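Listed below are the residues making up each chain.
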Amino acid sequence: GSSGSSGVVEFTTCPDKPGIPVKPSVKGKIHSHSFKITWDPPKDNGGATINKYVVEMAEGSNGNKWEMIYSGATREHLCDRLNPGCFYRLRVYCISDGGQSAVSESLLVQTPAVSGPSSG
């Protein structure tokens, strides 16, 4: 479940839990099925120093499916393998000594539907 300040005992001047990163926004031009997203850093970071910025992507609205897509420091990753004329949910979060904290709102980005065949 959640740490809930449980388990670990006899702590020692331990830092506080980090904060949620700024919702991921679109950067540049959103192509058919390929767009980059960059999230601003925490304006009020707790008593912890960011360690890594992990992001997740899900199939539009319906179909709750979140799987790691990027990992590193750069506050910007290209979400490839997308689908045109469809929805997509994304969420960014920061990781620190105190594990990961609540995720950012869902970033709904609609891709442009190219004029092409569907069924054939």
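Residues numbered from 1 in each chain as written, not as in the entry; some residues may be left out. Heavy atoms only, no water.

For this deposition, the record names solution NMR as the technique by which the model was determined.

### Points about the overall build of the protein
Along its length, the protein carries 0 helices and 7 strands. Each helix and strand of the protein, placed in order from N terminus to C terminus, yields the pattern β-β-β-β-β-β-β. Against the compact-globule benchmark of 14 Å for 120 residues, the protein has a radius of gyration of 17 Å, which places it well outside the compact range. Projected onto its principal axes, the C-alpha positions of the protein cover 65 × 30 × 20 Å. Taking all 120 residues of the protein together, 28% fall into the buried category. Put simply, of all contacts in the protein between residues at least 6 apart along the chain, 61% involve residues at least 24 apart. With the model as given, the accessible surface of the protein reaches about 8,200 Å², and the carbon-plus-sulfur share is 49%. In the protein, the 12 positive side-chain charges and the 11 negative ones have mean positions that sit 9 Å from each other. (Helix = DSSP H or I, 4+ residues; strand = E, 2+ residues; numbered from the N terminus. Rg over C-alpha atoms; globule rule 2.2 N^0.38 Å. Buried < 20%, exposed > 50% of the residue type's maximum accessible area, 1.4 Å probe, protein only. Contact = heavy atoms within 4.5 Å. Areas by Shrake-Rupley, 256 points an atom, 1.4 Å probe, with all protein chains shown as cover. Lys, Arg positive; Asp, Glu negative; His and termini not counted. Charge placed at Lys NZ, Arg CZ, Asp CG, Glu CD.)

### Side note on the environment of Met 57
Position of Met 57 relative to the elements: it lies in strand β3 (residues 52-59). Between the C-alpha atom of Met 57 and that of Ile 69, which follows or precedes it by 12 residues, the distance is 6.9 Å. Ignoring any residue separated from it by four or fewer positions in sequence, one finds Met 57 in contact with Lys 65, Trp 66, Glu 67, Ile 69, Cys 79, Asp 80, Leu 82, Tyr 88, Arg 89 and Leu 90.

### Regarding the packing of aromatic side chains
One pass over the full model with this rule turns up 1 aromatic pair. With a centroid separation of 6.4 Å and 65° between ring planes, the pair formed by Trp 39 and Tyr 53 is classed as edge-to-face. Taken together, the positions of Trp 39 in the loop between β2 (34-38) and β3 and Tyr 53 in strand β3 put the pair 14 residues apart, joining distant regions of the chain. Assessed through its relative accessible area of 9%, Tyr 53 is described here as buried. Here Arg 91 stacks its cationic end above the ring of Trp 66, 4.4 Å away from the centre of that ring. (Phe/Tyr/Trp six-rings, centres within 6.5 Å; stacked < 30°, edge-to-face > 60°. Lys NZ or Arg CZ within 6 Å of the ring centre and 35° of its normal.)

### A word on the nonpolar core
Core analysis: the largest hydrophobic core is formed by 15 residues, its most contacted members being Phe 35, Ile 37, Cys 79 and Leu 90. Those elements that place two or more of their residues in this core are β2, β3 and β6 (88-96). Among the elements that make up this core, the one with the highest residue count is β6 (4 residues). Dropping the residues within four chain positions of it, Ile 37 is found in contact with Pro 24, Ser 25, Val 55, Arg 75, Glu 76, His 77, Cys 79, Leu 90 and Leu 107. (Core = buried A, V, L, I, M, F, W, Y, C linked by side-chain atoms within 4.5 Å.)

### Considerations on the pattern of salt bridges
Counted according to the given criterion, the structure contains 3 salt bridges. A salt bridge links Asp 40 to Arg 75; the nearest nitrogen and oxygen atoms lie 3.8 Å apart. Residue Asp 40 is located in the loop between β2 and β3, and its partner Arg 75 is located in the loop between β4 (67-70) and β5 (76-79); the two are separated by 35 residues in the primary sequence. A salt bridge links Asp 44 to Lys 43; the shortest N-O distance between them is 3.0 Å. (Salt bridge = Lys/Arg side-chain N within 4 Å of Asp/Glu carboxyl O.)

### Brief notes about the sheet that holds β4
What the 4 strands build is an open sheet, ordered β4-β3-β6-β7; its pairing is antiparallel. Strands with a single pairing partner mark the edges of an open sheet, and in this sheet they are β4 and β7 (99-100). (Pairing = 2+ DSSP bridges.)

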